[PDB]
4 protein chains.
Amino acid sequence: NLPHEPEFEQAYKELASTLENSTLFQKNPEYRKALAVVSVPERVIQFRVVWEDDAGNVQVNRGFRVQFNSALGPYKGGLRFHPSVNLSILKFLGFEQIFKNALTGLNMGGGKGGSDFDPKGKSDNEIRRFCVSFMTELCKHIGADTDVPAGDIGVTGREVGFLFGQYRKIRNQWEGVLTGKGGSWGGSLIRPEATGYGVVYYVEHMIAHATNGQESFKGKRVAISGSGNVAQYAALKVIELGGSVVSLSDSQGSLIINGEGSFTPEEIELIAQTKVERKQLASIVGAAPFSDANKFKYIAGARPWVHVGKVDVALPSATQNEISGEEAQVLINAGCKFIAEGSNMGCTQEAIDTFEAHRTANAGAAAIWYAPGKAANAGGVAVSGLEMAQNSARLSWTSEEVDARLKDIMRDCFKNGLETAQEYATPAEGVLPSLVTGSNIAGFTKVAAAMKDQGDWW
Amino acid sequence: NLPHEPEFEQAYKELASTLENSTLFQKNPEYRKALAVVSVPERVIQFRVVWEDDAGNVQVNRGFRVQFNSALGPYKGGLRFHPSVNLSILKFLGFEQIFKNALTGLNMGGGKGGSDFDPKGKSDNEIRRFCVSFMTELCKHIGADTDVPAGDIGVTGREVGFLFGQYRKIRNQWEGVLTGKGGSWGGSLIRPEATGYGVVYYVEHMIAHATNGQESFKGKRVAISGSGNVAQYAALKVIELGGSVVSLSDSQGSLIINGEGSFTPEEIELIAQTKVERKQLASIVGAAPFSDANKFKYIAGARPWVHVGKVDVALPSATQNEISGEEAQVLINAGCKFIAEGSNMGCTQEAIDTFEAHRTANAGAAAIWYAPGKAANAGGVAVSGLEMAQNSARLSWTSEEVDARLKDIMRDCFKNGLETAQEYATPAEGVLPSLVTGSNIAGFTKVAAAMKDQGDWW
Amino acid sequence: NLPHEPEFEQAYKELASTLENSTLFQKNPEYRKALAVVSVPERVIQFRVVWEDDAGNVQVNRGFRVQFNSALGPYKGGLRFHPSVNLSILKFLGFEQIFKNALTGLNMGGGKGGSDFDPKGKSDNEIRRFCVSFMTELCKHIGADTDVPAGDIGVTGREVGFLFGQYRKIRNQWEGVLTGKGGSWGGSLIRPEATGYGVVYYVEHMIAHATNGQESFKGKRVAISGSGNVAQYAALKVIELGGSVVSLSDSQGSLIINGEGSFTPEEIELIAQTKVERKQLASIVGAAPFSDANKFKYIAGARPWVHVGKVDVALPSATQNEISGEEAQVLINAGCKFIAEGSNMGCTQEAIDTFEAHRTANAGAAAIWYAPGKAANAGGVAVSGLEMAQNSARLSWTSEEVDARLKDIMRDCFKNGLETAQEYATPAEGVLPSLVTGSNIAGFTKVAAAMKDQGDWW
Amino acid sequence: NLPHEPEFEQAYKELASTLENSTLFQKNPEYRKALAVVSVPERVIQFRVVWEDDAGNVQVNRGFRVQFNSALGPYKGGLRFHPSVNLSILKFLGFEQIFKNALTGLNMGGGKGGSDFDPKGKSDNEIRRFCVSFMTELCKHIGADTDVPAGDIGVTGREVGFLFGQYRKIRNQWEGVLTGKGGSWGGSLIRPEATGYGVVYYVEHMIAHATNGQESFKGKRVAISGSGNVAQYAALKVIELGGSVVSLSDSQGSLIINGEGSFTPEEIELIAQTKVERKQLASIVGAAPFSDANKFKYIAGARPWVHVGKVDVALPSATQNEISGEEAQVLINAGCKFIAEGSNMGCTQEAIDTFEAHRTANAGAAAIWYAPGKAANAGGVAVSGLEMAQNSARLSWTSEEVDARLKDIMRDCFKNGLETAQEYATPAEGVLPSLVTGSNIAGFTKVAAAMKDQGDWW
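Residues numbered from 1 in each chain as written, not as in the entry; some residues may be left out. Chains lettered and ligands numbered in written order. Part of a larger assembly, values for the part shown. Heavy atoms only, no water.

- In the annotation of the PDB entry, chain A is listed under the name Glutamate dehydrogenase and assigned to Aspergillus niger.
- Its UniProt record gives chain A a comment under Catalytic activity (unreviewed entry), which states: "L-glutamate + NADP(+) + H2O = 2-oxoglutarate + NH4(+) + NADPH + H(+)". (UniProt positions renumbered as here; feature names shortened; annotations may be inferred.)

**Some words on the overall build of chain A**
Right, so step 1: Within chain A one finds 16 helices and 14 strands.
Right, so step 2: The globule rule puts the C-alpha radius of gyration for 458 residues at 23 Å, and the 22 Å found for chain A is close to it.
Right, so step 3: Burial statistics for chain A: of 458 residues in total, 60% are counted as buried.
Right, so step 4: Taking the contacts inside chain A whose residues are at least 6 apart along the sequence as the reference set, 73% of them involve residues at least 24 apart.
Right, so step 5: As displayed, chain A offers around 17300 Å² of accessible surface, 50% of which is attributable to carbon and sulfur atoms.
Right, so step 6: One way to put it: in chain A the 45 positive side-chain charges average out to a point 3 Å from where the 51 negative ones average out. (Helix = DSSP H or I, 4+ residues; strand = E, 2+ residues; numbered from the N terminus. Rg over C-alpha atoms; globule rule 2.2 N^0.38 Å. Buried < 20%, exposed > 50% of the residue type's maximum accessible area, 1.4 Å probe, protein only. Contact = heavy atoms within 4.5 Å. Areas by Shrake-Rupley, 256 points an atom, 1.4 Å probe, with all protein chains shown as cover. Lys, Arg positive; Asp, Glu negative; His and termini not counted. Charge placed at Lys NZ, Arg CZ, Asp CG, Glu CD.)

**Here we look at the interface of chain D and chain C**
Interface size is often expressed as the accessible area that is lost when the parts come together.
Right, so step 1: Contacts between the two partners involve 33 residues from chain D, matched on the other side by 31 residues from chain C.
Right, so step 2: Interface of chain D and chain C: buried area, both sides summed, is about 2900 Å²; carbon and sulfur atoms make up 56% of it.
Right, so step 3: Applying the counting rule to chain D against chain C returns five salt bridges.
Right, so step 4: Put simply, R48(D) and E42(C) hold a salt bridge, and the shortest N to O gap is 3.7 Å.
Right, so step 5: The tally of links between chain D and chain C comes to 12 residue pairs in polar contact.
Right, so step 6: The set of elements that each furnish at least two residues to the side of chain D that touches chain C consists of α3 (31-38), β1 (43-52) and β2 (58-69) of chain D.
Right, so step 7: In terms of residue count, the dominant contributor to the side of chain D that touches chain C is β1(D) (nine residues).
Right, so step 8: Looking at the side of chain D that touches chain C residue by residue, the class counts come to 18 nonpolar, six polar and nine charged.
Right, so step 9: Examined bridge by bridge, strand β1 (residues 43-52) of chain C and β1(D) share five bridges and lie antiparallel to one another. Directly across from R43(C), in β1(D), lies its bridge partner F47(D). (Buried area = accessible area lost by both parts, 1.4 Å probe. Salt bridge = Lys/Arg side-chain N within 4 Å of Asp/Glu carboxyl O. Polar contact = N/O pair within 3.5 Å; in protein donor to acceptor, adjacent residues only side chain to side chain. Nonpolar A, V, L, I, M, F, W, Y, C, P; charged D, E, K, R; others polar. Pairing = 2+ DSSP bridges.)

**Notes on the packing of α3(D) against helix α16 (residues 435-454) of chain D**
All names here are of chain D.
Right, so step 1: Remark: α3 packs on α16, axes separated minimally by 10 Å, with the N-to-C direction vectors making an angle of 90°. Viewed along their axes, α3 and α16 adopt a mutual orientation that is roughly perpendicular. Between α3 and α16, the residues in contact are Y31, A34, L35, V37 and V38 and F444, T445, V447, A448, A449 and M451, respectively.
Right, so step 2: Class assignment of the residues belonging to the contact of α3 with α16 gives a composition of 10 nonpolar, one polar and no charged. (Axes fitted to C-alpha atoms, helices over the stretch in contact; angles between N-to-C directions. Parallel < 35°, antiparallel > 145°, perpendicular 65-115°, else oblique.)

**A look at the interface of chain A and chain B**
Right, so step 1: Between chain A and chain B, the contact holds 30 residues from the first and 30 residues from the second.
Right, so step 2: Summed over both partners, the interface of chain A with chain B buries about 2900 Å², with 56% contributed by carbon and sulfur atoms.
Right, so step 3: For the chain A face of the interface with chain B, the top three residues by lost area are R48(A), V58(A) and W458(A), together amounting to 24%.
Right, so step 4: Counting the contacts that link chain A with chain B gives five salt bridges.
Right, so step 5: Counting the contacts that link chain A with chain B gives 11 residue pairs in polar contact.
Right, so step 6: Secondary-structure elements contributing two or more residues to the side of chain A that touches chain B are α3 (32-38), β1 (43-52) and β2 (58-69) of chain A.
Right, so step 7: The element contributing the most residues to the side of chain A that touches chain B is β1(A), with nine residues.
Right, so step 8: Residues belonging to the side of chain A that touches chain B are distributed by class as follows: 16 nonpolar, six polar and eight charged.

**Quick look at the relation of the copies chain A and chain B**
Copy one and copy two of the chain differ by a rotation about a common axis and a shift along it.
Right, so step 1: Expressed as a screw transformation, the operator carrying chain A onto chain B has a rotation angle of 180° and an axial translation of 0.0 Å, and the superposed copies differ by an RMSD of 0.2 Å. This pairing of chains is accounted for by a two-fold axis. Looking at the rotation axis and the C-alpha trace of chain A, the residue lying nearest is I45(A), at 2.4 Å.
Right, so step 2: Most of the interface of chain A is mirrored in chain B, where 97% of its interface residues are also at the interface. (Least-squares fit on C-alpha atoms.)

**Digging into unusual backbone geometry**
Right, so step 1: Across the junction of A288(A) and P289(A), the peptide omega takes the value 0°, indicating a cis bond.
Right, so step 2: Look at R394(C): it is not a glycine, yet its phi comes out positive at around 55°.
Right, so step 3: When you line up the elements, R394(C) lands in the loop between α14 (379-393) and α15 (399-424).
Right, so step 4: Overall, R394(C) belongs to the partly exposed group, its relative accessible area being 48%.

**Some details on helix α8 (residues 229-241) of chain D**
All names here are of chain D.
Right, so step 1: Along its 13 residues, α8 runs 18 Å from first to last C-alpha, staying within 8% of the 18 Å computed at 1.5 Å per residue.
Right, so step 2: If you check which residues of α8 are buried, you get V230, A231, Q232, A234, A235, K237, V238 and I239.
Right, so step 3: As for α8, its buried residues are in contact with α7 (194-210), β7 (221-224), β8 (244-245) and α9 (265-276).
Right, so step 4: The first or second residue beyond α8 is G242, which carries a positive phi of 125°. (Expected span 1.5 Å × (residues − 1).)

**Some words on the sheet that holds strand β9 (residues 247-250) of chain C**
Residues and elements named next belong to chain C.
Right, so step 1: One open sheet accounts for three strands, arranged β9-β10-β11; its pairing is antiparallel. The sheet terminates laterally at β9 and β11 (296-300), the two strands that pair on one side only. With direction set aside, neighbouring strand axes in the sheet form an average angle of 15°.
Right, so step 2: Note: strand β10 (residues 253-257) against β11, five bridges, orientation antiparallel. Within β11, the residue paired with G253 across the bridge is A300.

**Some details on the domain arrangement of chain A**
All names here are of chain A.
Right, so step 1: Partitioning chain A into structural domains gives domain 1 (2-185) and domain 2 (186-458).
Right, so step 2: Put simply, the middle of domain 1 and the middle of domain 2, counted by C-alpha atoms, are 22 Å apart.
Right, so step 3: Between domain 1 and domain 2, the contact holds 50 residues from the first and 45 residues from the second.
Right, so step 4: For the pair domain 1 and domain 2, the summed buried surface comes to about 4300 Å²; carbon and sulfur atoms form 63% of the total.
Right, so step 5: Connecting domain 1 to domain 2 are zero salt bridges.
Right, so step 6: At the junction of domain 1 with domain 2, the criterion picks out 11 residue pairs in polar contact.
Right, so step 7: Only α1 (6-20), α3 and α4 (87-104) provide two or more residues apiece to the side of domain 1 that touches domain 2. (Domains from an automatic or database assignment.)

**Let's talk about the relation of the copies chain D and chain C**
Right, so step 1: If you rotate chain D by 180° and push it 0.0 Å along the axis, it lands on chain C with an RMSD of 0.2 Å.
Right, so step 2: Both copies share a contact surface, since 94% of the interface residues of chain D are interface residues in chain C too.

**Remarks on the UniProt feature "binding site: 2-oxoglutarate 1" (unreviewed entry) in chain A**
All names here are of chain A.
Right, so step 1: Taking the numbering used here, the UniProt-annotated feature "binding site: 2-oxoglutarate 1" (unreviewed entry) corresponds to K76, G78, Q97, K100, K112, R191, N344 and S384.
Right, so step 2: Not counting residues within four places of it along the chain, the set of residues in contact with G78 comprises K112, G113, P149, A150 and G151.
Right, so step 3: For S384, a relative accessible area of 12% puts it in the buried group.
Right, so step 4: In contact with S384, other than residues within four places in its own chain, are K76 and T179.

**Re the arrangement of the chains**
Right, so step 1: Take the five pairs of chains in contact: the one carrying the most contacts is chains C and D.
Right, so step 2: One finds no contact linking chain B with chain D; the least C-alpha distance across the pair is 20 Å.

Shown next, in the form of structure tokens:
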């Protein structure tokens, strides 16, 4: 009797739904067995972490590690430190990590770990104590050749340093077990920029194919939610390309541009360091230059999808399930045509159904196009794998080298989903193929073939 | 954001309530932190098990291992192979295992493992294949000095043999990691009968203290549910002592004696061998001697609590939460005075509340007395620990030697709960002390002191 | 080029000189190579221990572990947490542990560990933090079947509990790796008093052999130094036998008796918790019952050898090198006839030479007798080995059984030194044989034969 | 109570005094805590090695390994087989190894091991047997990803071959655990000449900066002590560059050129062959071409500092503390202006003070400049790290490639010390900055930042 895990259940149900409504099972009826095997995590570990705060009291926290599948390669996935982390969130993060790694083409598997520890409001000494205890508990199941952690929301370079400091005092090995570290001791360039660069390149390819390369981000208005590294760097890149960003959002409030205009790189940097100290967006809106009413408007507790009016590109990049069914209809009426997920699984099921129905009912560029999270978000993991290869080679790659492949990775990732959709889910004339269906089918076929060749199922 | 685990949540809430409604926290205000720490399992493992059935198809099952606490000693707990096994059930089994081991006074920690594999309807080859695949993955964390598996519902000597075969094939060590094995290769005598003998002895001590040793099982009618080894041997012991057993139960139906009388030892063996092949009780009621309508009445789908009439002792020993509030009221009206839990958490929370209220509202033997599951069910774990000691000594202990110790264990376990209840939860004059409160307080104080001396909390 | 290690160098020089001034090397000229090999520890480990105090500051300490020899069995020796602990002290402690274990006759090797951490003045949280940090580093080499530490000066049950907690958190094994633990979880009865009982029995045997059984502790005056467990329990036992203790001492001052009399069990008993909470003796003399000037005289900073006047037995039991030549002459003049070392290597080299010369120059009971520290101090290790055997058997021995055995060990230890001294160092008529020579030769011959049979030297 | 370790105490006192007399602690008062932590080795291991010589007699030697600090990476340091090796020498070698690795910029830490075994006068069978026993004892802690040994004084390729032969039999792994091996099985080119090339390049940069590039090694006289690989190759390189070498030295005596002239490469080459067989320099002065009294003068037991007359460059490269205060003044009077240490801590404390005072009291090139050993002798470890990277890449690098990099490291290492001294220890106008102060501050700041980011101290 399985427990209730809404996020993972919804993700798996969506994957099974887009697999069923195609010709995959008609051509390969034996692949239905692989779905049952691939949906059960290979190994899930939960451990109690007991640490001491500055006041000398005992604290209790839970640590998790989910290793979902390793058919393609060793385990990979960063540590997410957030108060909402439970088994379900890490499970679906690993589940989509599998296919995100499969689509990129790099030979490396998917997993995830983390905890419910909340860095916000915690002094340096307290997080040092927590990291020491956490790595003491976790050290029994880690290693660069068995699981590859990295950075994520809630974990910065300081926690990574403390984790590695405790790890070296038990196993006494120096290797690239963790990625996203400091550049001087195993990091890679463009890594903070890579996720946003990848999503922007993917949506650019989408636009080019949809309109036969007639327009681009120049002369367009893009809607962005969230203020994380991915959203901020995608906004910076689209500004550099020639686009106009119209809104940035945060969990408790959203800041929206007023009238026509776009954000400038200088104040975006100020937003960047604001989240570095994990502060509030409204804590800055009361001072210059965000005290200006004509350019910046702060609306606490409201998402930027309906207050923004006319837009062309939507990149929900803040949390999961951040677009409801009602928001989807409003986005259609606002003139939006292309949506990509900055963060994994950012749109609810009803919104996906609405976008798919609109795509099916309209031909040509008049139909809105959907980019699934496991496709456009794959840049960061690709560059992380390249960083792992570099640390294996013990060499440093320049900014231009790794920025060239990221362009190539996305063009291959887009084609792989598009071509597969045409053959397995061939649509009627004049309607663009389903990118979500193609991406899911491509990733699942790759993983299923690998598992079959390794004898996991038969 | 914790998931919904109804069984463990109910057990933890019950323990916390019975601790709060006493003077433990007034004398020792610092023990709240110990309660916070002790409620989180030390380590939980979930792994995918893939095995091949007789038809050559892929099968998928989940394996669990919950290691709850080791302050008192190394981990201990059998493997439960039932189709309903999930994380919550194993978690609450381990949680009560900790205190059950604490009350007996032996040095052993609390843990549990199992799977959702269903032995019923499975051939020998299929179950052997599953056992091989299961021990292949579990072997990465096991060992006699780290965790002690045993027997439980759903596991027999055959599964134990297959598990041991794969263990010795992988790690190549021979030691008593599993208890309850065959007597010739590490088992101990009286092991099947120990649980029933212990619960019956505890009830006997309960009667002696309540009525000043004026009556005993002889001349009384006892109500028993379930047909497991614990209930079967408990009924046999009541027959030997001189009581009357009136009912046996199964998951889908119950069989109840008609009028005055009691079961005979010869027919009890017929029920005993029937469950050996995991066959249904109704499959034997249609033939002699159970085809007699004058002695045996089969009521499928109904519990024997309200169809039995006048009773004196209730020993619910089939599943968890098998007595509701209405059932408790019917037992109160029927004249029953003494209840003990054959299985863990036999009665639902409302039933405990009703029994406690009736005990508080009445004085003397007119008040119904409640025996908690963690107290009267401790015989099996005690003899298992003695078996571990014997295997350490590489010697065999005779039937009479281990039967005397179990008599001494139960009288000490009963006294420990009774004396502690008087000092911490002293009632009004003429009212029997709360056995559940005393047992919970004794076990919790022992475990909390053991953890404090080891620095788990401070 | 060896460093300067005065204590170990002095002990090794004493052993070498004692062996040379006898016929061991004449009979077995090949044993010089064994003396060369045995003087080098098998393995010495030093590690930095970094721990955080209550104020949040960084603290640095050193951890040591010396495993001197293991020809007779696995390593054995407690952890000593004292400020003066450096490599030399632990080296000579392990060196004498070798032969102390050899004389007793049990099959267990010699070793020692500890640190320069200072428990005095430290709160419980600081001790827990240090113990966690210490057992994190030491865990890489420790185990019940490789090295078995115990209790010593500076370590009590609390540090044992914390160390065991961290050890079971890292290695996850429960076994009798540490001796001297709590009785409920691996301890043994009559363990704390065994050292004092053993030294008292040994000196009693010496007296009986010296005066042909015409005298005992009844009617004698015994001088004792120090206030440790050994000194306190030796005083208790000799009081029970019929002796009179006249002085206790401490590192900052000594308390001698005034005129004729002796301390009573109650005042000795209250001294125990005085040292348990680790407060200076002078903080107690100013109050009752030690405020009485008629019975107690506190001479701070002075040893009790000179101010005590006439004595019959001296048991220096405080620190190493606690008796110089002048004190030896004063003890000779005061009428003492038997010297036994409560602690390891209590008498300096010149004092030992003086006692030996006095023994050689006089015949019969007129010559005073010297007992080496490695002989009379062997009770504690013997009962600790018995405790190890009990934990192996997972059984507890009663107080009476361990008291009879401890009396049997001492009579064997005395004879072993006595008989060997006559064979190899036969003196002139009427002169008592050299106990130090006999004990050293017996221990060395046993260890050398064990090493030769194992191919360490050839 | 720390023991007397003169060499390590001298080095630590030098570093502490150098840091104190600057503004490092004024800008960062918190770094005083890091000094206490960094001065205690992480782990020190000593073991007894027993081996059989050619005559069948038992031989005993002591083995050591010191792993000082690993904040920057895994441990590194060769095995030194010299009869004078004890704990203090290896400790200070590792201590300066940490900072020598920090200044170079390669990311790998410091450590050291060795023994007191004396290869001189030992047949090949005896050293094979000793290496077999030594690597059997040391195998419990060694590994390429844990500690990286290399070559040093007393260790040639033959001992390395024997050690690797025994190590592969136990652990059974082939990787770059040892550096300085044969070029066909993991060695690197230029490796023997690397340290000499590095020191000569550093001093050439020093001369260029002091004289504004107006002077170089052409037309200068350089005084060199020692006849090891470093001194021999430095003399060869300066001869090729256009310099004039005037003296070589050995342990018991020194050979000094007579009048004006310089050594020729053919003579320098055969001295290396002389030291290959560990033969004596005086054994060669008695024959041609050293039988010529006009060019060569052998002065046994005398150092070449005061017998040489006018010199320009002094490169003491024989032992530690080979220049005392008296010879320090003579070097000033002889016209020397630049001193660089070939070996670690070539000059004593008084000589360092004299050079520093003379530098402070004079402006311009008239003041003598002192190059610390931890800066100029960094070439060998840099090329060893490059060799480790090559073995990781499993590729062979040409002679010219690695020779170009070694020129780059010295130019970077010089500015790093020079620039840091300018900012933290800014001198008066016209006074050259203190290279020793700058190098110490740079290395210590890098190591302290690494430790802080790793959470060793806080």
